[PDB]
Amino acid sequence: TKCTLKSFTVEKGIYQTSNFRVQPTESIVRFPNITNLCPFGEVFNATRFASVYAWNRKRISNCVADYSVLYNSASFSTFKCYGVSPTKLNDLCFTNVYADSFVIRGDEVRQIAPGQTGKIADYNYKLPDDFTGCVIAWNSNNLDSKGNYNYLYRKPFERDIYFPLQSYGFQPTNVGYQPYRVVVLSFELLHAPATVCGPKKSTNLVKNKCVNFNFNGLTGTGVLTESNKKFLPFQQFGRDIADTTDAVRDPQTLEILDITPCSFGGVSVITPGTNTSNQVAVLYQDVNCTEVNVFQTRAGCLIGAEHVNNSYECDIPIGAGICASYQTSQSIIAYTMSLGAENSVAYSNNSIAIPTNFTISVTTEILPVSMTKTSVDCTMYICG
Amino acid sequence: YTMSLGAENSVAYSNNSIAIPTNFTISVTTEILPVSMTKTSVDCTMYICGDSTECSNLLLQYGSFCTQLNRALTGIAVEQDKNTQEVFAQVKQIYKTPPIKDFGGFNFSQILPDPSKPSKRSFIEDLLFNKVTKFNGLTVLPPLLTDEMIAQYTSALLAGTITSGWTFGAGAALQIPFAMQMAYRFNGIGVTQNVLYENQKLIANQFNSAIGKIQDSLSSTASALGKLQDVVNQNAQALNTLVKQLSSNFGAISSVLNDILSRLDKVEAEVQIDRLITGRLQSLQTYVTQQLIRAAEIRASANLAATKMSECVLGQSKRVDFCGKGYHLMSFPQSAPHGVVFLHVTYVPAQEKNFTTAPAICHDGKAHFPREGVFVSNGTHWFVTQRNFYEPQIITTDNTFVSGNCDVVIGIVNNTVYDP
Amino acid sequence: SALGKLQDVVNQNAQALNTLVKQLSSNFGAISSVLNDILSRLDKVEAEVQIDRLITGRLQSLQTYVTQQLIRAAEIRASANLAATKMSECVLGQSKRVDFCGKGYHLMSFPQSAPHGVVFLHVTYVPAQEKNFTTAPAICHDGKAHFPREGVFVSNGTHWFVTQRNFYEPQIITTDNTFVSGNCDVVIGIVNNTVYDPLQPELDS
Amino acid sequence: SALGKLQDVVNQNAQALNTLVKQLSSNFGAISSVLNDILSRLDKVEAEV
Ligand SMILES: *[C@@H]1O[C@H](CO)[C@@H](O[C@@H]2O[C@H](CO)[C@@H](O)[C@H](O)[C@H]2NC(C)=O)[C@H](O)[C@H]1NC(C)=O
Ligand SMILES: *[C@@H]1O[C@H](CO)[C@@H](O[C@@H]2O[C@H](CO)[C@@H](O)[C@H](O)[C@H]2NC(C)=O)[C@H](O)[C@H]1NC(C)=O
Ligand SMILES: *[C@@H]1O[C@H](CO)[C@@H](O[C@@H]2O[C@H](CO)[C@@H](O)[C@H](O)[C@H]2NC(C)=O)[C@H](O)[C@H]1NC(C)=O
Ligand SMILES: *[C@@H]1O[C@H](CO)[C@@H](O[C@@H]2O[C@H](CO)[C@@H](O)[C@H](O)[C@H]2NC(C)=O)[C@H](O)[C@H]1NC(C)=O
Ligand SMILES: *[C@@H]1O[C@H](CO)[C@@H](O[C@@H]2O[C@H](CO)[C@@H](O)[C@H](O)[C@H]2NC(C)=O)[C@H](O)[C@H]1NC(C)=O
Ligand SMILES: *[C@@H]1O[C@H](CO)[C@@H](O[C@@H]2O[C@H](CO)[C@@H](O)[C@H](O)[C@H]2NC(C)=O)[C@H](O)[C@H]1NC(C)=O
Ligand SMILES: *[C@@H]1O[C@H](CO)[C@@H](O[C@@H]2O[C@H](CO)[C@@H](O)[C@H](O)[C@H]2NC(C)=O)[C@H](O)[C@H]1NC(C)=O
Ligand SMILES: *[C@@H]1O[C@H](CO)[C@@H](O)[C@H](O)[C@H]1NC(C)=O
Ligand SMILES: *[C@@H]1O[C@H](CO)[C@@H](O)[C@H](O)[C@H]1NC(C)=O
Ligand SMILES: *[C@@H]1O[C@H](CO)[C@@H](O)[C@H](O)[C@H]1NC(C)=O
Ligand SMILES: *[C@@H]1O[C@H](CO)[C@@H](O)[C@H](O)[C@H]1NC(C)=O
Ligand SMILES: *[C@@H]1O[C@H](CO)[C@@H](O)[C@H](O)[C@H]1NC(C)=O
Ligand SMILES: *[C@@H]1O[C@H](CO)[C@@H](O)[C@H](O)[C@H]1NC(C)=O
Ligand SMILES: *[C@@H]1O[C@H](CO)[C@@H](O)[C@H](O)[C@H]1NC(C)=O
Ligand SMILES: *[C@@H]1O[C@H](CO)[C@@H](O)[C@H](O)[C@H]1NC(C)=O
Ligand SMILES: *[C@@H]1O[C@H](CO)[C@@H](O)[C@H](O)[C@H]1NC(C)=O
């Protein structure tokens, strides 16, 4: 409370200080149960790469991808990744991965990016502007040079198989005019079943307990529970209005789990003034007395306040007809607020009460009329 | 089509014609007022960052924006209890109604509590309660007064009003028979109190029937509560707009913060997360600004409802059209979800006749003027009568006062004035 | 604590200004909250990227302050319009409006000034020592129903009086205190008592 | 000068609309205040910034 108010004195009242949040008890990792190592050797160590006018696409699926074996290979002159960072790839997984394999001149690697331009990007190898993937390249002048005029150059991922055709004199003595191999990996993140996943090992599943989960790279925290949601066969995830995932299908056992965020609420602290007592009571807002001088109000579980069967004027307001006060031997007490003294007016069809005397009361009413006329020199405030 | 402004009417004016109403109708009119709105509170760190520690650390760089949003929503939430307290808690004691309902023929049973209920609302308060109908850190706090406490305040206001008139607002409740309370309420509109006691069954039947018509309206017609349902709909639309804005990218690679944190490493992720922090923080500042302006509109309505409680329920109002159309007699409060409903009872004059009229009467060369009321003629004889109800009295030195001779007054007429 | 409304208005404006000053210590994502660090550490092309984060955050901080001061100024104006209405109706007049000029029947109000506000000392009549009486709407005499011109019929248990509503002063019932309207049979709860004619003993003497 | 309250309400709304239109001439840190300069001078990746 003192830290919330940035003050060492706290005046009498109720203060929303802080947030109660049940913590993840353990971490849960769910990935498909498949163990084939992905055929990246048949991509990167192929005998000859294709010409860029007629590049080859290898589908990678139903396998485990150890991407650090690629990223750590000092032979790669670039490993630029776009919608993902190469360090994260082992934690994360995809429905498919597609590897595009071809040779280009070493000057031309700069054209192979989302939204880049130049004749190879314009004619024969175009990337999407919203591409998710990695572009990987290395000098192959030791292997693809001879020159080797078999290497020939001319929408996104369209194979465009005098006219716009040219070919390369790749020779070992060439520096820009040297051959480079390129692999472009495209990652299919879409909400189907994953089939190309990192080496990260699956745990067992846990239900009805708060956990730090990961399904197919979908990280989160929540209470996992069995659910009645009829996911159609093509659907792996279900979403909230806020886009946050609301339910999932387990990748090893195809059953549907609800995700519920772990129990949370505002922590209101009820205090007399610190210049009266250092005792306090705590209201866990909306929470029931289970996840947390204990009393379930309709405002939440109230702890450290003594429930009293009397009623008094509302001293500190808690909510839903409940108030608290500091009273005598002292404690904080919590009670239903009194609306006023009850009175049966002595009515009958022929009785009247007439006042035989008066009192001249003087009552004081206080009204705000003005406030401090501030003026801020916004250029001196902003720029000093 | 071009809209009609109303039916056209040539008022039958001439320099010596007056219309005086020979009969009345006791109108009961229903006024519905918003008083409070849903006490939302938003945990701005959980809205913006969703328990990401990575985002929560970036959100500290924005300083006290998050704590002043929580402060502004807390100020709005606290004034909803203040607004509700100022309207209903105008009564110092919880007055209760006698076991015998000897109110001179008037029948409040449809606006008084029923003990049969789980919450002791009246019949009309149950109609009014039936006709009005997340994990992202958004929460709703309960009101301080429960609807059962609001119903004890409207019951106390109503039981005080019935058993004691305005007197329970000015001091202690002084009991008075309800037929005699209404006789004072007739004098308060300038209708002479004998008009009530001579027409008491008729006036009671018109009141009982007018309360019956409130039940028939509120049972059939859900559009009556439109002001309270609008206040519910605006707060629901504002919260749903605030939740839907979490699906927006704001120019980041994803709207979902766990995509950014699972796909990107720290230096790349923090650039994307700052776009989500900027957009989600602008989304809260937009919500809290419109809730501050909406809370000021509800406070203006709660101050109006608190003024109608004091002047219409605890009093009788001379202010034209403040407590419903017609001359105000009295008002009964009924509670409704986030609001109050006043059943404003008013005298409406109802069956005119045209009469010849004069400002003064010449007798013995003296000009006589009415002490109260108007000179009128049926065509052959001259009478003095009260303004708001035709009751013709013979013209006498008791009903009228002299001032000077005849010659000064434009349109004086010659008739005898009887000296008793 | 009597002055709580005026001290609240002082506290809100001080809290708003202190919040506006404290926001100058915020980075808003720049390398420093202090603009002279940026300008001494970084050269122009790099510095202008950092300074635009501070301009954006400080300008948002000012727009937030001015927006809340506009809404707070509208709340103070509503209170000033109310105070101006209490000045006209309670001080310059006497108000029939129930509970407008304090609890009880309003007599008069005196303005006193206070810091950023006004204080009204609302003087009111409060009726204070009741008695219960039997009452009637009208009196039957000679078959005529008599009603009070002003006030109420009451009985001490044996005799009938007419008295004003807000203070017990029992007057003998006479044809000056009361007016006839029609015969007895129409009125629910009429009672039988004589009504004195003040002329009769003057002519009987 | 009698109608000062009504002319003030007209002047405030005109001043607010003229301020809203004049703000279209502001760069806000872009290379131009004019959106067709950006779209004719810069290609997609650079223009969208
Ligand atoms: C896909 O194929 C169509 C032909 O069916 C191509 O359309 C022609 O494009 C050239 C310019 O490149 C035009 O001169 C022709 O008039 C077009 N013909 C027709 C029938 O529209 C189309 O360009 C191809 N797509 C790409 C990206 O090359
Ligand atoms: C007051 O009015 C109510 C209706 O507005 C009367 O209630 C009805 O009373 C009869 C018996 O007399 C019952 O059969 C009905 O079911 C009642 N209706 C409801 C909705 O409760 C009531 O009788 C009237 N009071 C008096 C004393 O006449
Ligand atoms: C004054 O108006 C009322 C209606 O507001 C008249 O009362 C009705 O009279 C008819 C017969 O003419 C009865 O059948 C109805 O039951 C009465 N209604 C009520 C509510 O009692 C009344 O007769 C009129 N009186 C005069 C003198 O015009
Ligand atoms: C105007 O009012 C007077 C008094 O009410 C009427 O005069 C009485 O008329 C009745 C018949 O309707 C006679 O029996 C009475 O003897 C008359 N009394 C007097 C004192 O003359 C008069 O008729 C009314 N005139 C009109 C045009 O309605
Ligand atoms: C009211 O009655 C008086 C008489 O009692 C009328 O006065 C006469 O009016 C005529 C015309 O102006 C004069 O020629 C007479 O000399 C007046 N006589 C007296 C005794 O004054 C008077 O005109 C009548 N008023 C109206 C409005 O008709
Ligand atoms: C009601 O009031 C009347 C008049 O004030 C009281 O009658 C008088 O009572 C006194 C004694 O208290 C006698 O001396 C007078 O002679 C009485 N006057 C008359 C005209 O009878 C009466 O006593 C009061 N009754 C009660 C129950 O208080
Ligand atoms: C007021 O006094 C009259 C008599 O002056 C009472 O009228 C008598 O009432 C009884 C019982 O109903 C009848 O037997 C008589 O025939 C009535 N006499 C007359 C002349 O009408 C009247 O009841 C009294 N009123 C009250 C309210 O007590
Ligand atoms: C390519 O082959 C060499 C051995 O010749 C091996 O060290 C390397 O890991 C292989 N690369 C891939 C991607 O399989
Ligand atoms: C995958 O694992 C689950 C247990 O997690 C098992 O039920 C299922 O039969 C396994 N499928 C295969 C193809 O091994
Ligand atoms: C603070 O506490 C002291 C007793 O320790 C008391 O004398 C003093 O009046 C208190 N002041 C306030 C403002 O409550
Ligand atoms: C609190 O939880 C228990 C079960 O643990 C349940 O029976 C009870 O109804 C709950 N009470 C409230 C007020 O939610
Ligand atoms: C309140 O009173 C009841 C009896 O009326 C008793 O059973 C109960 O234990 C009391 N509760 C507390 C908190 O003292
Ligand atoms: C009064 O007289 C005028 C004469 O034109 C007539 O139009 C009007 O209907 C009359 N009103 C009543 C209530 O008799
Ligand atoms: C009304 O006007 C007529 C002329 O049209 C005039 O003779 C008469 O004296 C006027 N009466 C009043 C009451 O003004
Ligand atoms: C009036 O009489 C009733 C009789 O039950 C009593 O309850 C009430 O307190 C009395 N009031 C006064 C002011 O004497
Ligand atoms: C009051 O009620 C009684 C029956 O309880 C009745 O005899 C009497 O006439 C009524 N008096 C009035 C003033 O209504």
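Cβ placement follows ideal geometry from the backbone for every residue including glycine, while neighbour counts extend to all protein chains displayed. Every read-out reported here was derived from the displayed coordinates using simple, explicitly stated rules and does not represent laboratory data.
A few comments on the model shown:
- Other-chain or far-sequence residues with amide H under 5 Å of residue C:132's (modelled H): none
- At 1.567 mPa s and 4 °C, Stokes D of region A:1-112 from Kirkwood alpha-carbon radius, µm² per second: 67 µm²/s
- Taking a straight Cα-Cα cut-off under 19 Å and skipping sequence neighbours fewer than 8 places away in the same chain, the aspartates and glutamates within cross-link reach of residue A:207 are A:26, A:226, A:246, A:250, A:255, A:258, A:291.
- By the rule of a C-alpha distance below 28 Å, with chain neighbours fewer than 8 residues away ignored, the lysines paired with residue D:5 are A:373, C:86, D:22.
- Here the contact order of region A:1-131, divided by its residue count and restricted to Cα pairs under 8 Å and six or more residues apart, works out to 24 percent.
- Take every Cα pair under 8 Å whose residues are at least 6 apart in sequence, average their separation, divide by the length of chain C, and the relative contact order is 12 percent.
- Note on residue B:11 and residue B:53: their simple-model spin labels are 7.9 nm apart, each label 7 Å out from Cα toward Cβ.
- For region A:246-293 versus region B:198-216, the spacing of their alpha-carbon centroids is 54 Å.
- Normalised by 2.2 N^0.38 Å, where N counts its residues, the alpha-carbon radius of gyration of chain C equals 2.13.
- Rg/Rh for chain A stands at 1.26; both radii use Cα atoms, and Rh follows the Kirkwood definition.
- Over region B:139-230, the hull volume per residue, using the convex hull of the C-alpha atoms, is 161 Å³.
- Spatial offset of region B:75-107 relative to chain D amounts to 53 Å, using the alpha carbon center of each.
- Shielding by partners - mean other protein chain Cβ count within 10 Å, residues of B:189-196: 3
- Degrees, to the nearest 10: D:4-22 long Cα axis against longest axis of chain D: 10 degrees
- At a Cβ-Cβ separation cutoff of 4.7 angstrom, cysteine residues of the protein assembly as shown with no neighbouring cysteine are A:3, A:378, A:383.
- To the nearest ten degrees, helix C:44-86 and the longest principal axis of the Cα atoms of chain C are 10 degrees apart.
- Footprinting exposure proxy for A:380, B:182 (fewest neighbouring C-beta atoms within 10 Å first): A:380, B:182
- Paired Rg and Dmax values of region A:122-227, which use every Cα atom, in angstrom: 22.9, 71
- Per residue, the Cα convex hull of the protein assembly as shown amounts to 271 Å³.
- Dimensions (Å) - chain B, Cα atoms, principal axes, largest first: 111, 53, 41
- Radius of gyration (Cα atoms) of region C:1-100, expressed as a multiple of 2.2 N^0.38 Å: 1.77.
- Summarising the strand pairing of the protein assembly as shown, around 90 percent of its internal DSSP beta bridges are antiparallel.
- Region B:17-156: translational diffusion in µm²/s, Stokes-Einstein, Kirkwood Rh over Cα pairs, 10 °C, 1.306 mPa s: 80 µm²/s
- Partners of residue C:131 within straight-line reach, counting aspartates and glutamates whose Cα lies under 17 Å from its Cα and excluding those fewer than 8 residues away in the same chain: C:169.
- Taking trypsin sites (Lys or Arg not before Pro) across region A:1-96, the ones in a DSSP loop with at most 10 further Cβ atoms lying within 10 angstrom of their Cβ are A:6.
- For the protein assembly as shown, calculated [θ]222 nm from helices alone, where every DSSP H run of n ≥ 4 adds -39500 (n - 2.57): -9000 deg cm²/dmol
- Region A:174-227 and region B:339-367 have Cα centres spaced 87 Å apart.
- Sites residue C:1 and residue B:187 - FRET efficiency at Förster radius 35 Å, r taken between beta-carbons, to 0.05: 0.20
- For region B:195-341, diffusion coefficient by Stokes-Einstein and Kirkwood Rh (Cα), 20 °C, 1.002 mPa s, µm²/s: 105 µm²/s
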